[PDB]
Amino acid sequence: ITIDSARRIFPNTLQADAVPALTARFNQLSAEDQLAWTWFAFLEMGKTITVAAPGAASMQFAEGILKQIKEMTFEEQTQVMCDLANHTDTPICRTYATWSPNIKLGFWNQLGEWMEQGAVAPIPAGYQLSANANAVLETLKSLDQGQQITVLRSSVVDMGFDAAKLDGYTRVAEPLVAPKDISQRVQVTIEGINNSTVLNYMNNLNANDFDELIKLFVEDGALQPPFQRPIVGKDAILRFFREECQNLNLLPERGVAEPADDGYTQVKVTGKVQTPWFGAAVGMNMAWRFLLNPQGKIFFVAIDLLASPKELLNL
């Protein structure tokens, strides 16, 4: 048993790889097309769902850069936005790179508001997307909403300076919320599954109880978010929880458990997940794939975004 082999459990699980597919196509576009594209994608999104107001604690980390941009001319603002899209080496792009996804999202949500308000340079009124950009946008509109918001988030996260090239830095993230009181936790129920570790995983995460959640993992275990590489080691996993996994609502529905190598157990769970950005307005179709050692500790868990609601019944 290795992490590489663990990634392969439950191979008939059909992930929504249309997301990385579309991201690849989007990445072929010019910075100018990218900004215009996302503006139109953002407006399209607004036809059905509204972004929740970012937390004040989150925005205080973006406030400095936002203030600087707001005081710029339209031409200067557009250049900064192009710099972010191009991953150009600039002070703003380097600052951006140290931010967690939620801070990056709150930052762009504010710029979007200011674009609507006339405070930040808008997309040119009669701007024409390239043929390829148009086609990418058409494909976006054809995907379910869970896949749509995942594409937009991924693109936001990938802007700015290459974080890897910053070497060591203080990571900027939202402050920790106190875990929910036990009496206030709404425990999950999973049809076909009684596994204590899986239930503890779901309930602790829903409670923002990361200190108890991390105890479920083995030292050298790993967690794999949708479409990215596994995050290895309890230290990295806990940091991921604290920085990116606050105020989620996991609503698992069904699951199955099977024997695995070396006395391990593998467990597949399907259900829905809500992000605090949209709440109940977007229930993403998810699968969890656990690999548990004989002591019931988590060696590996993959979290998949599924290709369609039909996959929820694929056990």
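The numbering used is simple: start at 1 and walk along the sequence shown.
For the pair 66 to 74 and 286 to 294, the record assigns the higher mean C-alpha temperature factor to 66 to 74.
When the C-alpha B-factors of 270 to 278 and 49 to 57 are averaged, 49 to 57 comes out higher.
Set against one another, the Cα B-factors of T90, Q148, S100, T189 in the record reach their highest point at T189.
Considering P226, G106, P179, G112 together, the PDB entry gives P179 the largest C-alpha B factor.
Looking at the C-alpha B-factors along this chain, the one for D144 belongs to the middle third.
When the CA B factors of the chain's modelled residues are split into thirds, the value for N206 lands in the middle one. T197 sits in the lowest third of its chain by CA B factor, as recorded in the PDB entry. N247: CA B factor in the middle third of modelled residues in this chain (values from the PDB entry). For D235, the recorded CA B-factor ranks within the highest third of the chain. Only modelled residues enter the ranking.
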